[PDB]
Each structure stands twice: as structure tokens, then as C-alpha cells.
Ligand SMILES: [Ca+2]
Ligand SMILES: [Ca+2]
């Protein structure tokens, strides 16, 4: 509502079927009319919905097996600029540890919110008494299994970052650069465009323009025009 | 206990303010005011006229036009409580957490400046003035950002009525608060210029406007840029603009003064009035009708409220004085045996009417603030008159006692004690009437001693020669004390007053410009005495969910820009040298901890 | 260009029969135009140079001061002329007593004998009812009214404070 | 012009604000070294 | 001479930092600075917004 130009941000919702309240109207093999004021109802601020049917009516958590693969496929997709994909973890129960492990084995950067407790704080405090910590954030958790899971996660710290309230764009840039690896200068164009849009001069000058990465004119022409405009 | 940081911290960690605030705790907050504080006295007075009765205090302070109908939205109530108790940091926090930010900042400035004149302790008033300046600056910065984002939405935000502040617009709140920095903002001035030029382009040159005014056919050329019925549309577009109405009224008022002077100096005979005097009467009648129309429009509201708003304006007071004196003079003139009294009353009335021309000067940036300077120099003169009167009494009575004029009566004594020494300040020094060395010596008295005859008509027929050297010495001392010392004391006061206004001349002129544009935005398009047509038309005219959606969208836009403004301020604060040094000290502490743990 | 054009106009008028005096006056003003051109020479000197700019801006200050001066002169002069009611009234005399005479009071030329009836002789020099006095000034009007002359004196007192001090020192500031 | 610009840049580098900024960055590097050493 | 065109564009649009950069990258520096001052002072009298 506060924007003065065209629409640029789209909210996409992935939800499990059977949990959607008043879903009876949606069955019409067309503009449907949805009485959301009557399980949980769909949020009207979103522009598109994916309702993953687990088969088990009313079951929760069956949409992860599609959501993670969709995120990975978008991460591997090209426009011809690569599309960066990032995961933000506000908090979580023991299942969010499994979610983070699955999103780390199939490389996807993750952000952990500090001070919000749960799995986010559990993973943040070990990054920057281990059984005591696991019990502190998971009083009912299985200490041995949780410890094994936390060690498996911490094997690959390159895909984890901690976001502290004490900004967002800088942390996003650091996380995106940390997991790139290659050096053909085609994998860093997306980060360069993000840095141009967010005015991250130091991040670009430090990470993106190093002697390892062999840039040349046609790589930088579009970014130069973006910075000029 | 006034801990703003803990108030910020506890709310940010999930304390639902909507459920927290209750009338009991809201009343308990006002119980925390000091017993000797101004707000405590105001609450006690309101209760003497148990609920807190804060709304009554707001009505007494801000008036019906701008006072919130408290309780109001917990943020508004908390902001009002913090403003009443002069809690600067908590008021700032409550402002930055709530909505309607521009109007709330203007209203906060108004309230703080109102309460600053009501406090006996000087430094408390200084604190309130400082907080009012801070809130005004915040409002100015936020409106600047909003205007740079979108001119149309900013203009809509500027002219909307805010329910939280008595349905007053931002411009009315700024006018009441005397927030001259808000009027000087570029967006406000651009909007005011667009209102001033009406349907003409604001880039039209002044010479083109004058030439088209004195040559109406030039309107339809390309001389004037506008932003069969087509001809009438352009005619009404040119003549309906506030600037064109202002020019027409300037011409009309100059012609009215010329007619007044002509009648006074030539046509005002004891015989019954002629044609030109009747025309002057009708012109003054139309001026009175225009003043009545302005009063009935407040310059829905009750009639007394509109009349008080009209009377609050000093130019309307000058108009009322002029019209009342004109009516008194005409009434005396039409009465047998009161012709001379009517003449003198109308002579003074012409002076009252002519000084009204100074309001026209406010259209010009150079001439505008000089009116304020002159108005304050008048107070300087008023204060100088005490010293002048004391010195005049001393010197005049001493000189009159030494000279002993034989032609002594109360008017002559007053003339020689006050009037004659006063003219010496301006170079009128009658040596031949005070120095007996310049007079002839004659036996023009019966008393013992030597006497001399002054040649002046009002100098007294015979004065004493005894100790005339002392009269001359008193004159010498007078020329030094009055002509130089007291006059230059007044001049130094004048210079100080001039410098104070010359420091902020643009702010004064832009506030004056707002007042002028608002005045002529609603005036009828016909100038007097032809304004009778418009008044007659008005008299005949009288005698014979989506909105809230747009409001919510506009407020969301404003709150988003307020958030950007606050984020920019926080980011600027984080990168200051003091904060860098503090963080460096903390990280050195962390390094020391690491070194201690490593051994 | 102004100086040379005025010189040419004055010489042309002078060489024409019946325009000798007009040429004289045009050349008299032209001499003033030529003489103020000497100020350009001052710019060779560091002390005299910037004073020319200062004078040029003070001229704009005077231009803006003239609005206040004109308003106050109109008010005071018309009030005084209406109170005194001089019998010798015609447009040039009225203009002289409304604008010129109050203006010279700013510079210490105060003709008390032409405004104060206590300093005049009282004579029946009018046909209208009331009391009249004769001012001695040539351009002061032959006969003035005595009614409310204290108000004329009070207006003079107020004028000497408003104009000689307040407005002049506004211009000086 | 290049000499003038180099002199300006060298004067900017030695200001107290830039010294404090570089000190903060080097303290960050020292903290990184201490974290890696444990 | 692209630097002159870029400097003119930055001066017309009141882009202070980019104008400074384009000046420091180009040649004819003294005359370019004087011309930039002239252009900016000319356009400063033509703007309705005071700031
Ligand atoms: Ca990438
Ligand atoms: Ca009025």
C-alpha cells in the first residue's frame, strides 16, 4: 500500500490440504469465492497458494517434502541470471532441526534469529554444557538423537548464519557469498545485482571483486547502468 | 518512575498494550505527577469546576477546535499523558510507536508551547519549549520525506482532518502552534503556491499577470499559461484565482483611500452630503458587509466559536476599529451641532484605514518581515516612554520653576514642561525664550528682583533673571541626556529587535504567506464596492467505507515512511564516533575474556 | 548610453527655437548622470572599491523603505490637512502640505507657526462658523481652523517619534 | 590534479574517524583470530 | 570524451557525488570546474524549491 510504483514483492503460501478451512468450495473442475471468515483459513494477503495433499486429512508437516524440493529447484534455476534462495528460521521445535538438516544436505543458506529461542537459538549459540544447552532449549528432547543431529548440522557451518537484533541486507549478502564456491564470475552476478540494489559497497568490493574472480566488461555493463540510473 | 528504556524494552518483548491499558491504570498514571507540577494544578482546577478529568484540561488548554476528545488507540493516550507530564523521551517513544505522525507532532508542539506560557518556573518552560522544537522538527522531517516520495499523497495528508486533534488540518495546527518551520518546508510552500495561483500556472510572470489584469483581452493569448463556453471557462479561471482577487482588492483599496482623501479635503462641507460622499458611504457599507461575511464564516461550528475565531485576528480588529470610527464620524456629521466632531473622528479614521495598507506588504518577501519588526519596535517605544517621561518631568519642572513665567496657567505650564522640552530632542531649541542674555531687560513685574521679556507668544510675558546660568546649564545637560543617551538607548533596543527578526525573516514571511493565501482563497472574486453583487448572490443562495479505505491506505503509507525515517536516524546514530568507540571497548573486553580463557 | 542620449537630447532641444529652457534642464540632469560615472574610477582602490557595491545595495534598501515612508506620510499628511482645513486649497498646495512639508520634518524643518494656532493671530478671515487663525507662511494657507488643534499638535508629536526615529532607524538597521 | 587528489585522499585516511574505523576492524580481526585459536 | 558528457548529465540532474567523480576522471579540470560552477549557479535561480 505504501509503494508508489509497480508491484515487486509477491507472497507465496505453501500449505497442506485438509488443514484448509472451508475448502469445500474449492472443488470445481474459474474465479472461486472463498468465505474465509467461517484447521486454518487461507491468508487473503497472498497472491498464490500451493495446497500439498498429504492424503492424511488433517495431518500437519506433509508439505515439507515438496517445499524443500521447490526451494532447491528455484535455487538451481536461471532467469540468464541465477536466482538466489535463502531460508530464514525464526524459531522451531525438534522438527525444524530435521528441516534445517535437510536444507543443508541439499545446499541452501539459512539464517538463525538470535534471542527468539527454540531451534534458532539452539543452533545460534553453538555457532557463536552441550547437553545442558540442548535441554535448555529442548526440555523434552531426546538428548542423544538431538546431539547427533546438531553435530551433523554443525559439520557444514558454511550454510548457517546468525541474525541479531543488535542489518538484514548485509547478513543476506554474507550468507549468499559464503555458499557460492565457484569462480567463473557467472555465479556472482545475482549477488552483484543485490549489492547494487541495497547499496552494499563494502560487501561488493571485498567479496565480489577479488583477483580469483575473472570479471570483464560485459559482466559489469548492466550493473554500471543500474548504478547510473 | 520515568524509565523510558525499560518501557521500550518491555513492550518490544510481547507485552500487549491493547490489553494492558485500562481506565484504572490510565488514571493511576496521572497520579504520578508531582504535587507542585502544573498538570497537578490544572487537574485540581478542572475537578473543582474521581475521574482524571484530562479532557477538560485539554479543552481549557488547546480550545475546542484542536483539543482531543480524550480518552482517544492506546498510543495516543500515552502520548498525551507523556506530553502533559513533560516526559520527553517517553513522549518521543509514544509518538514513534503511534500513527497520524505529522498531525500528532504538530499537536504536540501546540500543546507544549501552550503549557510553556503557563509555568512559573523558567527552566521548566525552557524544557517545554525545547521539546516543542524537537517535535516540530520531527514533523517537518517526516513531511519532507513524505513529500519527496509523492506530492499528491503528501498534499492529501496535509489537508486531511485528523480526528485525534479536533478534526483540525495540519496547517491549522501549525498556525495555532506558531510552527513557522513547518510552513517554510518546500512541500508546504509548493502546495500554497499552487493554491495561490489557482488554475493559472505558478510560473506565470508577475508582469504578465499585471498586464493581463489591466488588459483583459490578453488573457486569451499565450501570455498566460493555464494548467462559447470555452471563453467563459478561461475568463472564470483567470478572475477566480486568489492572486487576481488580491490584485483587484489592492487596486480597490487604493481607490477607496483616494476617494476618502478627496471627500475629506474637498467635499466634506456642513451642507448635506453630495454624490461622492454618498458613494463613499456605500463603499464603507460594502466593506462592513464583507467583514460580516468573514465573521459569519469564522475568518460545523457554533456562532460564538466562529465569532471568536474572527475576533482573534488582529487585522479584523483593525477593520472593526476603522469601521466603528467611520460609523461614529458619519453619525456625528449627520447630527446638527456635531459637524466638527465628525470631521475630527473621520480624520483619525483615515489614519486607521491607511495603516491597514501594511497587510498588502506581506505578499513580498522583502516587505513582509519589516511589518513584524515595526510592530516590535512599537513596544520598544512604549518602554522608552517611561524614561522619557521621567526625564521630561524632572527637567521641565526644574526649568519652569527657575524661569518663573508670569503668564502661568495649567495649559501653558503643561506646554512649557512637556511640549517645549520634547521638541528640543528634534532640534527645536528656543534660546531667546530661555536665556536672559538674549532678552530685553524691563520692569515687567511687581515682585523684587530683575526680570526679562521673552519674545515668544507662549514663552510667558516675563521671566526671572536669577540664576539663569543654571537654566543654561540644565539645557546643556538635557541636550546630552535626552538627544543622545536616551535616544540611542531606544535605538539600541531597535537594533536588537531588528536583528532578532532578521535572523529568521524567511520563516516569518512564509507564515505570513500562508495567512495571506488562506485569507484570499475564500474571498469573493468581485472587489468593493462591486462586492455587493457577490454578497447578494450568497444571500440568495442561503435564503432560497471507501473514504476510510483511502484513509487507511494513506496512513499506512505515512507510517512506512516514518519507519524509514527512524531507521535512517538509527543507522546514522550507530555509525557515530562515540558508538564506534563504545563498541571497540566492548570488543576489546571480549578479546580480554578470550585471552583469559585461553590460559 | 543614458548620459550620451540625454546629452544629445539636451543639445537638440537647445538648438531648437523655443526649447532653450528644456535643453538647459535636460543638460543639468545629464551633468548629474555624467558625474556619478566617476564612481567607476574608485574600483582601482581597495578601500574605495567595495563601498560602491555597498552604496548600490543601500539604494535598494532605500527603495524598500520608501513604501513604509509613503504609507505613513499619506496617513499623517491627510489627517493634518483635514484637521487644519486651509482655505487656500488647490491640488498643488494640498500635495505640498500632505507630502512635502511632513517630509522636511524628518530633517528638522518643523514649522510650528504654520500648524499651531497658539502661535498664530486669531482673525475673522473666513465665512464659515467657528474660530479661525492666520498662518504667516506663504504656502501654509491663508486661514486655518482652530478646532481640535491640540490633536494637530499630538499628531506632530507622534510623527516625530514614528518617522524621525523608528522608520529612519529601521532603514539604518 | 592527480597529486591534488592523492593529497586529499591521504589527508582523509589519517583523520581520527578513519583511524577509529580501522581500529574497530582490526579488533574484529583479532577477535576472529582468538575464536579460531580455541 | 565520455567524461564530459557524463559530467554534464550529472550537473543537470544535481548528482553531486557522481559529478565530482566525473570531474576528477576527466581532463580540462580548471575550465570544467569553472563551467560547472557557472551552470549550477545559473540553474539555482531557476528552481521553485528553496532547498
Ligand atoms: Ca549466486
Ligand atoms: Ca477582515
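Residue numbers (the UniProt record's numbering), protein chains in the order written: chain B, 175 to 203, 207 to 215, 222 to 262, 268 to 316, 330 to 367, 372 to 434; chain X, 435 to 483, 499 to 521, 557 to 711, 765 to 836, 849 to 1093, 1112 to 1166; chain H, 869 to 1041; chain Y, 1129 to 1166; chain C, 557 to 607.
No residue lacks a Cβ here, since even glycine has one placed at the ideal position from N, Cα and C.
In DSSP terms, what residue i is bridged to
{"i": "residue 364 of chain B", "result": "B/301"}
{"i": "residue 194 of chain B", "result": "B/223"}
{"i": "residue 391 of chain B", "result": "Looking at the DSSP assignment, residue 391 of chain B forms no beta bridge with any residue, so it has no partner."}
{"i": "residue 710 of chain X", "result": "X/684"}
{"i": "residue 841 of chain X", "result": "No atoms of residue 841 of chain X appear, because in chain X residue 836 is followed directly by 849."}
{"i": "residue 261 of chain B", "result": "B/270"}
{"i": "residue 989 of chain H", "result": "H/1002"}
Neighbour flag for residue i against chain X, beta carbons, 9 angstroms
{"i": "residue 372 of chain B", "result": "yes"}
{"i": "residue 967 of chain H", "result": "no"}
{"i": "residue 606 of chain C", "result": "yes"}
{"i": "residue 1139 of chain Y", "result": "no"}
{"i": "residue 178 of chain B", "result": "yes"}
{"i": "residue 897 of chain H", "result": "no"}
{"i": "residue 186 of chain B", "result": "no"}
{"i": "residue 1037 of chain H", "result": "yes"}
{"i": "residue 856 of chain H", "result": "One cannot answer for residue 856 of chain H here, as it falls past the ends of chain H, which runs 869 to 1041."}
{"i": "residue 430 of chain B", "result": "no"}
Delimiting residues of the beta strand (DSSP E) encompassing residue i
{"i": "residue 189 of chain B", "result": "186–190"}
{"i": "residue 235 of chain B", "result": "231–235"}
{"i": "residue 277 of chain B", "result": "275–277"}
{"i": "residue 1000 of chain X", "result": "1000–1002"}
Neighbour flag for residue i against chain C, beta carbons, 9 angstroms
{"i": "residue 662 of chain X", "result": "no"}
{"i": "residue 980 of chain X", "result": "no"}
{"i": "residue 634 of chain X", "result": "no"}
{"i": "residue 677 of chain X", "result": "yes"}
{"i": "residue 670 of chain X", "result": "yes"}
C-beta neighbour in chain B for residue i, strict 9 angstroms
{"i": "residue 637 of chain X", "result": "yes"}
{"i": "residue 1127 of chain X", "result": "yes"}
{"i": "residue 1124 of chain X", "result": "yes"}
{"i": "residue 711 of chain X", "result": "no"}
{"i": "residue 1136 of chain X", "result": "no"}
N- and C-terminal bounds of the alpha helix (DSSP H) containing residue i
{"i": "residue 950 of chain H", "result": "917–952"}
{"i": "residue 464 of chain X", "result": "457–464"}
{"i": "residue 977 of chain H", "result": "Element bounds for residue 977 of chain H: n/a, residue is neither H nor E."}
{"i": "residue 349 of chain B", "result": "344–355"}
{"i": "residue 891 of chain X", "result": "888–904"}
{"i": "residue 1033 of chain X", "result": "Careful: residue 1033 of chain X lies outside any alpha helix (DSSP H) and carries neither H nor E."}
{"i": "residue 255 of chain B", "result": "247–258"}
Below-9 angstroms beta-carbon distance, residue i vs any chain H residue
{"i": "residue 974 of chain X", "result": "yes"}
{"i": "residue 809 of chain X", "result": "no"}
Below-9 angstroms beta-carbon distance, residue i vs any chain Y residue
{"i": "residue 1164 of chain X", "result": "yes"}
{"i": "residue 1144 of chain X", "result": "yes"}
* Touching by the beta-carbon criterion (3+ pairs, under 8 angstroms), the segment 895–902 of chain X and the segment 1018–1036 of chain X -> No, the segment 895–902 of chain X does not touch the segment 1018–1036 of chain X.
* Asked: Looking at chain Y, which residues of the segment 1146–1162 of chain X have a Cβ within less than 8 angstroms of any of its Cβ atoms?
  -> Per Cβ criterion, the list reads 1147, 1148, 1150, 1151, 1154, 1155, 1157, 1158, 1161, 1162.
* **Cβ-based contacts, 7 angstroms cut-off: residues of the segment 984–1007 of chain X near chain H** => Those would be 1006, 1007, in chain order.
* Quick one: which residues of the segment 593–625 of chain X get their C-beta closer than 9 angstroms to a C-beta of chain C? List them in chain order. => Within the segment 593–625 of chain X, no residue has its Cβ closer than 9 angstroms to any Cβ of chain C.
* To do: Count the C-beta pairs between the segment 931–943 of chain H and the segment 899–914 of chain X that are closer than 8 angstroms, then say yes if the count reaches three, no if not.
  => Taking 8 angstroms as the limit for Cβ pairs, the verdict is that the segment 899–914 of chain X does touch the segment 931–943 of chain H.
* Asked: Is it a yes or a no for the segment 694–701 of chain X touching the segment 653–668 of chain X, going by three-plus beta-carbon pairs under 8 angstroms?
  -> Here the segment 694–701 of chain X does not lie against the segment 653–668 of chain X, with fewer than 3 beta-carbon pairs under 8 angstroms apart.
* Along the segment 884–910 of chain X, what residues have a CB closer than 8 angstroms to any CB found in chain H? -> Those would be 889, 892, 893, 895, 896, 897, 899, 900, 903, 904, 906, 907, 910, in chain order.
* Cβ-based contacts, 7 angstroms cut-off: residues of the segment 1042–1065 of chain X near chain Y -> So nothing in the stretch comes that close.
* Do three or more CB pairs link the segment 465–480 of chain X to the segment 449–457 of chain X at distances below 8 angstroms? -> The segment 465–480 of chain X makes no contact with the segment 449–457 of chain X, as fewer than three CB pairs between them are under 8 angstroms.
* Going along the segment 941–955 of chain H in order, which residues come within less than 9 angstroms of chain X, judged by CB to CB distance? -> Under the 9 angstroms Cβ criterion, the segment 941–955 of chain H contributes 942, 943, 944, 946, 947, 948, 949, 950, 951, 953.
* Are there three or more Cβ pairs, one per stretch, closer than 8 angstroms when the segment 340–358 of chain B is compared with the segment 398–405 of chain B? -> With the cut-off at 8 angstroms, the segment 340–358 of chain B and the segment 398–405 of chain B do not touch.
* Would you call the segment 644–654 of chain X and the segment 600–610 of chain X touching, i.e. three or more CB-CB distances under 8 angstroms? -> Because the criterion of three Cβ pairs below 8 angstroms is not met, the segment 644–654 of chain X and the segment 600–610 of chain X do not touch.
* Asked: Okay, do the segment 990–999 of chain X and the segment 911–928 of chain X touch, 3+ Cβ pairs below 8 angstroms being the bar?
  -> No, they do not touch.
* Touch test, the segment 1150–1160 of chain Y against the segment 999–1008 of chain H, Cβ-Cβ under 8 angstroms, three pairs minimum -> In this structure the segment 1150–1160 of chain Y does not touch the segment 999–1008 of chain H; the number of beta carbon pairs closer than 8 angstroms is below three.
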